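One letter stands for each residue in the lines below.
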Amino acid sequence: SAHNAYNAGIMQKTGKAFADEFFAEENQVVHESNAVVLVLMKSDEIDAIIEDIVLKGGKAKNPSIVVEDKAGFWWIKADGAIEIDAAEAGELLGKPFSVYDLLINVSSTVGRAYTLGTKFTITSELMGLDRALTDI
Amino acid sequence: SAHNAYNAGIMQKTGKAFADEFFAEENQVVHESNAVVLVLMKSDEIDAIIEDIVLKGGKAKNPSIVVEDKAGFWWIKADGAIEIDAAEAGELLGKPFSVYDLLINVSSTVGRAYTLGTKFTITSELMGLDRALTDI
Amino acid sequence: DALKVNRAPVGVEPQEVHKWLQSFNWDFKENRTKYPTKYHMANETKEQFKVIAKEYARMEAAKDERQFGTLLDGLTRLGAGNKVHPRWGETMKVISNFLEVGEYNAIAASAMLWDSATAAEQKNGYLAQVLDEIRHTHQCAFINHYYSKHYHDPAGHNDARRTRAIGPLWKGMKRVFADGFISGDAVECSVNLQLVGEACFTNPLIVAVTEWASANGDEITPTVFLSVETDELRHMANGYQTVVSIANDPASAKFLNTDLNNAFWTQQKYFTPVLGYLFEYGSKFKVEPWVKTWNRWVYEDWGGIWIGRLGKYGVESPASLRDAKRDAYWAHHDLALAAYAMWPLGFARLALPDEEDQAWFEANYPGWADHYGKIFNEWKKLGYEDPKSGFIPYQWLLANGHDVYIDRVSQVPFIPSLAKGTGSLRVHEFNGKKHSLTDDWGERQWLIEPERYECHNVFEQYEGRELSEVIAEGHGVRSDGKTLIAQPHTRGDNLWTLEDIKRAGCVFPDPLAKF
Amino acid sequence: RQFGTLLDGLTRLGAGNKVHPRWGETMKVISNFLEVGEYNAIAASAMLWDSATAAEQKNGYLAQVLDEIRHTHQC
Amino acid sequence: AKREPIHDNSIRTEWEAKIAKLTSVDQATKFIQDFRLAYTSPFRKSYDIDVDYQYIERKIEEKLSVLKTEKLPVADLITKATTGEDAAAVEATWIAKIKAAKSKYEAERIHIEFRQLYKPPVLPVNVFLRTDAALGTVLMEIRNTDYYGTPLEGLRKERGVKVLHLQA
Amino acid sequence: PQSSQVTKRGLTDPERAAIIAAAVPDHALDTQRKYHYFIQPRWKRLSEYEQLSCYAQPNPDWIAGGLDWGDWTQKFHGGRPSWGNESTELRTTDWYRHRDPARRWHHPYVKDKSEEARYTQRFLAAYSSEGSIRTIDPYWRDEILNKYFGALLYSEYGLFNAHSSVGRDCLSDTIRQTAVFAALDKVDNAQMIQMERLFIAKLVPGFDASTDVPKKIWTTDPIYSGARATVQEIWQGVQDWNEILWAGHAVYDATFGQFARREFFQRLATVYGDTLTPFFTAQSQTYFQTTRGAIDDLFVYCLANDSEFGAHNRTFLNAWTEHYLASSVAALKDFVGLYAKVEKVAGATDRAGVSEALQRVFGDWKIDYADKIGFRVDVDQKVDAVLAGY
Amino acid sequence: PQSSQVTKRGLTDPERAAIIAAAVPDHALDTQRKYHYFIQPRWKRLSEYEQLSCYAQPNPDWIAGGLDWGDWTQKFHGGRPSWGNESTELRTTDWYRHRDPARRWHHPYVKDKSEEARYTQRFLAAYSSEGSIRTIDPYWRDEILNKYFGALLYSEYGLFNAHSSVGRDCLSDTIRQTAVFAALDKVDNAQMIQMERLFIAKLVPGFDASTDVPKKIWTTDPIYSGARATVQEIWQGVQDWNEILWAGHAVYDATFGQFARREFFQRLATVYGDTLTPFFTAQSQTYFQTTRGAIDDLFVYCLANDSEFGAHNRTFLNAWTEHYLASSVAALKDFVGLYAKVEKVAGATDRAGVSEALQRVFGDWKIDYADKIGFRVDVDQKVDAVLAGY
Ligand SMILES: [Fe+2]
Ligand SMILES: [Fe+2]
Ligand SMILES: [Fe+2]
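Residues numbered from 1 in each chain as written, not as in the entry; some residues may be left out. Chains lettered and ligands numbered in written order. Part of a larger assembly, values for the part shown. Heavy atoms only, no water.

X-ray crystallography is the method the PDB entry lists for this structure, together with a resolution of 2.0000 Å.

Right, here's the structure in full:
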């Protein structure tokens, strides 16, 4: 839940309290994360996908999803993976919408992201190393 | 000069003063005007055309031109005619610009307006009646 | 030969093809318009905008890309859709859907004119308008579609193609911008559509409104309406070319000034009070007095630059202009009385002028406070906004002898006991049916042409029925099925429901029974 | 969509001069400095397109070469 | 009067029952002509079903049109009015009537009656529209000649209205 | 400065923005955000094409499907209504049923055509730079292409003009859009033929791109005599707007048009070394298939199976078809005489090749149109009827 | 709510907008608004293409034309510089001189190609609906088109890959853009050939669209032996980025490429009833002429006439030309054996027709390239050299 918030953990502390944890010796090495981060540019299409796909059936299948308003974009962090089927977004929008149209406003991915068929997947999985990529 | 301002003549009066001239018997018939009115939608291209073509060489050849800021558009009134050569605007903008590209943001014409070659003319002349239209 | 040729890069520009367009028509004895007309359009007429199909699409698609980028990318990211003043976001329910029918019917009108013309170039001028009016239908729809998604009150933005059928203001819109466009002499339709409706009234309706939109927070409408009018000016040329094409026809000297005065009054009868009402009462921040806007665009600029300059060719100043000018000063205030009194029949939320609106009205229309303002302040004191008040002002007008009549010709409401605009009540019985007419120009039209003007009015259709039942049957409710779309205030609480209307026991009378 | 927002909407709004001075100055640096990053990444990605043996990996680098031209022009 | 709902009411349910009992093109032609003479135009005999007649008229047209395709030979559907007359002969006849008209009040009555009697499906669509267009051309030329000559007081008497109120 | 106030924008002016924000409620006033949610969708969910198009036409309930009520506010002299059921013989329970399968509202339509407009110019600059016209048989170029392909623009132009009354008279929004888009493509086709002729005039000195000879051939050559008669009939002989659409696209253009464009001028371009003309027929043929999809939906899928009027409608459709097919067959019998003016290429312009091309056109028409309306047709009998003029 | 602050927009928040307005000066601080006003324009006035492109490359003054100074901040192991004069034999007074005559920065380039992308799909849906493939000679289709046209994608793909080192090594922005756009068009050509083959596999059951046989033909058929050797040499045999560009486009693709695409596959499509392939060669040929304009400007207009290095540069250009022309002539001598596998059509695939097609390719090349660099060539001698393999 709240461990995927933008201001989770050390990000809540201020002043000397933040510095003490920032410079704590356990925090001088990276810590493996199972999370993925997805950034979506705000746009008519994206705003509909956010409310009717990500925040409904998306969070229903992945309750770890946090979505935050960053003025010009949506910041999304979740455990494991996030999936957006462009065919479903097309039905929501009432207009042709391929996975490549979806990518018009997908602004960033911290994770392994790939296009397969109508689906856009961002996943913590090491695609190509632990799980092979395929064709249609 | 100031006879082509948006608020020229009766438009400066308020209250009872406006009504008295509005209902003056001489103002119950139309009065022939030699003017033309041109409305340009504000846009990057148009704003450059306004300052570097209309308000420089345009007003140099036609000192009757008044240009007024109407928030979303430019209101332009002049005596006789206004000419905008799309070839000149293209050189100003550094990009291909036909007379049909010029028309993307030409929003209204009170007058006889026509496309000939690269030129867009709005004129008080009764085109097709007093002066015939031509091909290239 | 098979080895020699010039290999310089050449294309074919649009105006090169357009030169050969006039030669596309050929002669056969059946080649004549299918529509009734008193005029003959000259076969040699040329068009002012040299447009071929390919370049038409290139030009319009470039307008679209920029417009839809501003809307779907920039303004959405900015959250612009919900930064509109409530009064104006409500007004755009009416303006954009009502204009939508104008755009739609102009498709059919322009196709009729394309049929009327004999010159391939004139046909082409009308053909380009047919496509443009499809564009504009979709543009008006897109505005309400956009508002549905992003504005805080989607009701009425989202269903006006059926909820407009409930109320009386829609009927008058159908005359000027639907039937006035397509039912009559092609030339009469054209003067209605192009020479008056477009060349004259779309300037206030579509151009001038964008400044009011912007003043009230609305940058959606400017983005679209300004693009709409870029096509509109080519339609103005179409209307002028109509005149050009019938100028050497002896029938023009017989007929034109009559068709023209009829169309000018037809259009002004509705748009002069309705645009003034929508502009001044449908906004918080006002740009300038509507009568000043009317003066600039209608009287001085359209009248001088179009009508006055055409006097060289037998076009007279419209005989009805004097009466139109009185409507420009007062008729929109008259209509406001009807619009606010009958608010539950609409599909938009209204706001009574507040104290600083009222000071504005009085300053620019001296005498407004003693006539209209006293009435609005009284209605406020009686609970106009309050759903538990049981008060609907239409019954207050009836209790005080201020009956509302519908002009059989224009469908515009008329309150003779209060109206400061042009007109007087004429009630005729003819073949067992009574008819209320409201002005000299409309009465002459009905008397000469009764079979053109059989439009059923809202009292005829609703007589004896209770207000809430008509609104429920018309689907004039929100998605809970109980709360009215229309409201007498723009606040987010205390909305009127069907039970609130029904408690007022408002039943439609037959206004002509007393006669 | 981007050029519509910029050349139509934001220009009509006069957005270009509604930036705080400090930030409008900062964008002199950020966008031109980033511009060289975009430009050189064209050449870097072409070098990687050369390094790869797999046609698909080449294609992945090739798409970046074109994108970094796009971004030079965007900056 | 207290009106019923707009789209579904007993008046329309009642007339659809009568329309269902029509069984021959001959019976339906007289039914539609009687109805149109009775309930349409400003010279209709009765305004009693004013708010319902146009929908009922549509329902009569549908019945007559279906009976037409069920019962008449194909050549009939293109060349004849359902009254049995030759469509082109109907056309020639009524254009000749309107050009023989002396006043706008004679011409206006001929056109309205032509539509009352021969509106599709009675006359073939193509023949009907061509005739109605030609009649309309004549009616406009007469009516629009000196449109503002007769003053309203005059026009009121010529029309034959009962003036019930004129505001002062 | 300027004479009138410079209006403060409520979106960006601090004062007005603060005022507007104080008036905007903190909650939505309704949750239904789907524009015209009550339209019945033809597909899984509502499409934007339907949302922006459907019920724009303000039909009352006495025109099948309308949501409004009452008479029109203003009608013709004599009483002809703005729109009315007297406009066509066909009937339906709902005039709004039709759906363009390509879902074209205005934007996608001009967006697509703008791609073709710009790309065509790029193709023409490169072709002129390639000097590829050098390999065009000069006889095909100067005698068949300039004269007889040029004359075909007049057929396209007449088909275009047949839509004028259609655009005014037809009874719903999606139908009107389908009709108007079909009309523009047709006049596009004619302008594109003239564009090709004008292009060749730039590459071949002495090549006359004027329409004089094409117009003369259209109007007085016996090869186009039957085609001209049909088009003049479809255009100005009738006003039933369904008859025009069905006759124009589903019979005439689907038989004579398809044979002339695809079996003659396109097909024989790829026997006489013409690398330019197929670039243009690619467009007309693409336009024909897009148009066919919407015509099919309106007449084949809907009106011919309307739950109450299908058999009624097929009676008129079958009658129209017999008449206009007979005209189009005559038009093709006149037209195949053009094969007397071209080099005999086996399986192409010999009797065997023309026979099998007609078997393609008439066979495809049987599968596309005739079988689905119950129109019985002997393909072979129609082929031999046309070859009678070979 | 949410864990972090929801940031107020300075453009629309009343407080911040009021603060920003108080800080914005009431006057401009400079009047020079033309972005990079100091670029020397090639045409009447500065173009946007030049404004967005020119001097993006941060060359120092020790690379001809650079405005910067000093060494690079980080170089290769051993000292190879990020960019350096050691990258090519050619020299110039200014590497920024080059101008694409079509003025393509990124937006117009993808805008144009997007039109072709979408239109191509529309054309393919209509062609499949037309059944126009029925008139394609099955032998041309299954034996020349599937196998030998398919193998040509490998030539286009190799030409594309030749640009990898060009894109890294070349010395200015407009040159890089010209090179990268040429590379993408080439890989586009190869993908478009595979797209055509995949299309036909959908219309002709049993038609194998796999690249196996094309790849086998490319790599082991003697008809492509010489073409494959040149492309492998141009791609991986050299790294002088000017040599690659000149050899790839101005010699190989302008002689072998132009003959294969336009004189064989496009031209013989319009002798064997192929209405599909010319839709695709229209694109490749359009791409070739757009690319030629920029190559011409770089090598013919600029480098061959550089005020200080023209004669110097022509020495290398003339040397490169003799070698790669000799390779391309061999490639064409191998390739004309394909004419042994097609039906002999007079003036097309007889010795007379192939002779005059080669006279077109070599004659055009002489006028386009050889004459303007001072390269002396006997067209006739090259024609008979190629026909030696007929
Ligand atoms: Fe419009
Ligand atoms: Fe218009
Ligand atoms: Fe980048």
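Next, the rest of the story.
### Examining the overall build of chain E
Filter applied, for reference: Helix and strand definitions here come from DSSP, where helices need a minimum of 4 consecutive H or I residues and strands a minimum of 2 consecutive E residues; each element is numbered from the N-terminal end. Buried means the residue's accessible area, taken with a 1.4 Å probe over protein chains only, is under 20% of the maximum for its type, while exposed means over 50%, and partly exposed covers the values in between. By definition, residues are in contact when any of their heavy atoms lie within 4.5 Å. Only the protein chains shown count as cover for residues, and all accessible areas are computed by the Shrake-Rupley method using a 1.4 Å probe. Two residue types count as positive, namely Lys and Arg, and two as negative, namely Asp and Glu; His and chain ends fall outside the count. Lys charges are placed at NZ, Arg charges at CZ, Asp charges at CG and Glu charges at CD.
What chain E contains, in helices and strands, is 8 helices and 1 strand. For chain E, the succession of helices and strands along the chain, N to C, is α-α-α-α-α-α-α-α-β. With the principal axes as the frame, chain E shows a C-alpha extent of 55 × 45 × 20 Å. Buried residues in chain E amount to 57% of all 168 residues. Within chain E, contacts between residues separated by at least 24 positions form 65% of all contacts whose residues are at least 6 apart in sequence. Accessible surface, chain E as shown: approximately 7300 Å² in total, 53% of it carbon and sulfur. Chain E carries 28 positive and 25 negative side-chain charges, and their two centres are separated by 2 Å.

### So, the overall build of chain F
Tallying secondary structure elements over chain F gives 13 helices and 0 strands in all. Ordered by position in the sequence, the α and β elements of chain F form the string α-α-α-α-α-α-α-α-α-α-α-α-α. Over its C-alpha atoms, taken along the principal directions, chain F stretches across nearly 80 × 60 × 45 Å. Relative to its 390 residues, chain F shows a buried fraction of 74%. Restricting to contacts in chain F with at least 6 residues of sequence separation, those with at least 24 account for 77%. Counting only carbon and sulfur atoms, one obtains 51% of the accessible surface of chain F, whose full area is about 10600 Å².

### Things to note about the domain arrangement of chain E
Residue and element names in this part refer to chain E. Convention followed: Either an automatic procedure or a domain database provided the assignment from which the domain bounds are taken. Summed over both partners, the accessible area (1.4 Å probe) lost when two parts come together is defined as the buried area. Any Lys or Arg side-chain nitrogen found within 4 Å of a carboxyl oxygen on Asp or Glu counts as a salt bridge. The term polar contact refers here to a pair of N or O atoms within 3.5 Å; inside protein, the definition further demands a hydrogen-donor-capable atom paired with an acceptor-capable atom, and it admits residues adjacent in sequence only when both atoms are side-chain atoms. In this classification, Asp, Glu, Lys and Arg are treated as charged, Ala, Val, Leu, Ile, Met, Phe, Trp, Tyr, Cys and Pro as nonpolar, and every other residue, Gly included, as polar.
In terms of domains, chain E is made up of domain 1 (4–71) and domain 2 (72–144). Computed from C-alpha atoms alone, the centre-to-centre distance between domain 1 and domain 2 is 21 Å. Contacts between domain 1 and domain 2 engage 19 residues on the former and 14 residues on the latter. Summed over both sides, the interface of domain 1 with domain 2 buries roughly 1500 Å², with 60% coming from carbon and sulfur. Counting the surface domain 1 buries against domain 2, the share from its top three residues, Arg36, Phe43 and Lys68, is 41%. Counting every contact that joins domain 1 to domain 2 gives 1 salt bridge. Taken together, the links from domain 1 to domain 2 amount to 9 residue pairs in polar contact. Put simply, the parts of the chain that give the side of domain 1 that touches domain 2 at least two residues each are α2 (25–39) and α3 (53–71). A per-class count over the side of domain 1 that touches domain 2 returns 7 nonpolar, 6 polar and 6 charged.

### Section: the nonpolar core
As a reminder, the rule being used: Among buried residues, the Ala, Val, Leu, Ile, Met, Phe, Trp, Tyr and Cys ones that are joined through side-chain atoms within 4.5 Å form a nonpolar core.
With 503 residues, the main nonpolar core has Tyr224(F), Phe265(F), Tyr224(G) and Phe265(G) as its most contacted residues. The dominant element in this core, judged by the number of residues it contributes, is helix α7 (residues 186–215) of chain C, at 17 residues. Looking at which domains feed residues into this core, each of domain 1 (4–71) and domain 2 (72–144) of chain E supplies at least three. In this view, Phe265(G) contacts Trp140(G), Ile144(G), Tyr148(G), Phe149(G), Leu152(G), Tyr224(G), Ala260(G), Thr277(G), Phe335(G) and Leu338(G); residues no more than four positions away in its chain are not counted. With 24 residues, the next largest nonpolar core counts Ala86(A), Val99(A), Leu102(A) and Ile122(A) among its residues.

### A short note on the coordination of the iron ion (ligand 1)
Residues and elements named next belong to chain C. Quick note on the threshold: Metal sites are built from N, O and S donor atoms within 2.8 Å, or 3.2 Å for Na, K and Ca, and they leave out water, so they may look incomplete. Angular criteria define each label, namely tetrahedral for four donors with all angles between 85 and 135 degrees, square planar for four and octahedral for six donors with opposite donors over 155 degrees apart and remaining angles between 65 and 115, and irregular for whatever fails these tests.
On the protein side, the iron ion (ligand 1) has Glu103 (OE), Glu133 (OE), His136 (ND1) and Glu232 (OE) as donor atoms, found 2.1 to 2.4 Å from it. Every donor counted, the 4 donor atoms about the iron ion (ligand 1) form angles of 84 to 165° at the centre, which fits irregular coordination. The metal-metal distance between the iron ion (ligand 1) and the iron ion (ligand 2) comes to 3.2 Å, with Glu133 coordinating both. Of this pair, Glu103 sits in helix α3 (residues 86–116) while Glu133 sits in helix α4 (residues 120–150), and the two are 30 residues apart along the sequence. Grouping residues by exposure puts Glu103 and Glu133 together as buried.

### Focus on the interface of chain F and chain C
Across the boundary between the two partners, chain F contributes 116 residues, which contact 124 residues of chain C. Summed over both sides, the interface of chain F with chain C buries roughly 10400 Å², with 61% coming from carbon and sulfur. On the chain F side of the contact with chain C, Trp69(F), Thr73(F) and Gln74(F) bury the most area, a combined 9% of that side's loss. Run the count over chain F and chain C and you get 6 salt bridges.

### A short note on the coordination of the iron ion (ligand 2)
All names here are of chain C. Of the protein atoms, only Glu133 (OE), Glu198 (OE), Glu232 (OE), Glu232 (OE) and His235 (ND1) coordinate the iron ion (ligand 2), at distances of 2.1 to 2.4 Å. When the donor residues of the iron ion (ligand 2) are listed from N- to C-terminus, their spacing reads E-x64-E-x33-E-x2-H. Judged by its relative accessible area of 0%, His235 falls in the buried class.

### Comments concerning the sheet that holds strand β7 (residues 119–123) of chain B
Remark on secondary structure: sheet strands pair via backbone hydrogen bonds, oriented parallel or antiparallel. All names here are of chain B. Here is the rule: Any two strands are treated as partners once DSSP identifies two or more bridges connecting them. With axes taken as lines fitted to C-alpha atoms, and helix axes fitted only over the stretch in contact, angles between N-to-C directions fall between 0 and 180 degrees.
Strand order in the open sheet made by the 3 strands is β4-β7-β6, with antiparallel pairing throughout. Every other strand in the sheet has two partners, leaving β4 (81–85) and β6 (112–116) as the edge strands with one partner each. Neighbour-to-neighbour, the strand axes of the sheet open up by a mean angle of 15°, direction not taken into account. By the bridge criterion, 5 bridges tie β4 to β7 in an arrangement that is antiparallel. Residue pairing across strands places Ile82 opposite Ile122, the latter belonging to β7.

### Some remarks on the arrangement of the chains
No other pair of the 16 pairs of chains in contact has as many contacts as chains C and F. If you take every C-alpha in chain A and every C-alpha in chain B, the smallest gap between them is 21 Å, and the two do not touch. The two units chain B and chain E never meet; even their closest C-alpha atoms stay 18 Å apart.

### Here we look at the interface of chain B and chain G
When the parts of a complex come together, some accessible area is lost, and that lost area is often taken as the interface size. Taken together, the contact between chain B and chain G spans 5 residues of the former and 6 residues of the latter. Both faces combined, the contact of chain B with chain G buries some 400 Å², and carbon together with sulfur accounts for 41% of it. Taken together, chain B and chain G are joined by 1 salt bridge. A salt bridge links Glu91(B) to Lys44(G), with the nearest nitrogen and oxygen atoms 3.7 Å apart. Our enumeration of links across chain B and chain G arrives at 2 residue pairs in polar contact. Within the side of chain B that touches chain G, the residues separate by chemical class into 2 nonpolar, 1 polar and 2 charged.

### Looking at the side chain of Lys174(C)
With respect to the element layout, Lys174(C) can be found in helix α6 (residues 168–182). Those residues in contact with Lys174(C) that lie beyond four places of it in its chain are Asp179(C), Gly180(C), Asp68(F), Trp69(F) and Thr73(F).

### What to know about the packing of helix α11 (residues 310–335) of chain F against helix α12 (residues 351–373) of chain F
Think of two packed helices as two axes; the pair is described by the angle between the axes and how far apart they sit. Residues and elements named next belong to chain F. Note the following rule: Our angle categories are set so that under 35 degrees counts as roughly parallel, over 145 as roughly antiparallel, 65 to 115 as roughly perpendicular, and the remainder as oblique.
In the contact formed by α11 and α12, the axes pass within 12 Å of each other and the chain directions differ by 170°. When the interaxial angle is binned, α11 and α12 end up roughly antiparallel. Contacts between α11 and α12 pair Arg314, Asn318, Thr321, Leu325, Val329 and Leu332 from the former with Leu358, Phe362, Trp365, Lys372 and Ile373 from the latter.

### Here's the deal with unusual backbone geometry
Cis geometry is adopted by the peptide bond preceding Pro121(E), which originates at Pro120(E) and carries an omega value of 5°. Within the secondary structure, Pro121(E) sits in the loop between α6 (104–118) and α7 (125–143). The phi torsion at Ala71(A) lies on the positive side, around 75°, for a residue other than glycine. With respect to the helices, strands and loops of the structure, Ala71(A) is situated in the loop between β2 (66–69) and β3 (73–79). Its relative accessible area of 18% is what places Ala71(A) among the buried residues. In this structure, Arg103(G) takes a positive phi of about 60° despite not being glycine. Relative to the helices and strands, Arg103(G) is located in the loop between α2 (48–53) and α3 (106–130).

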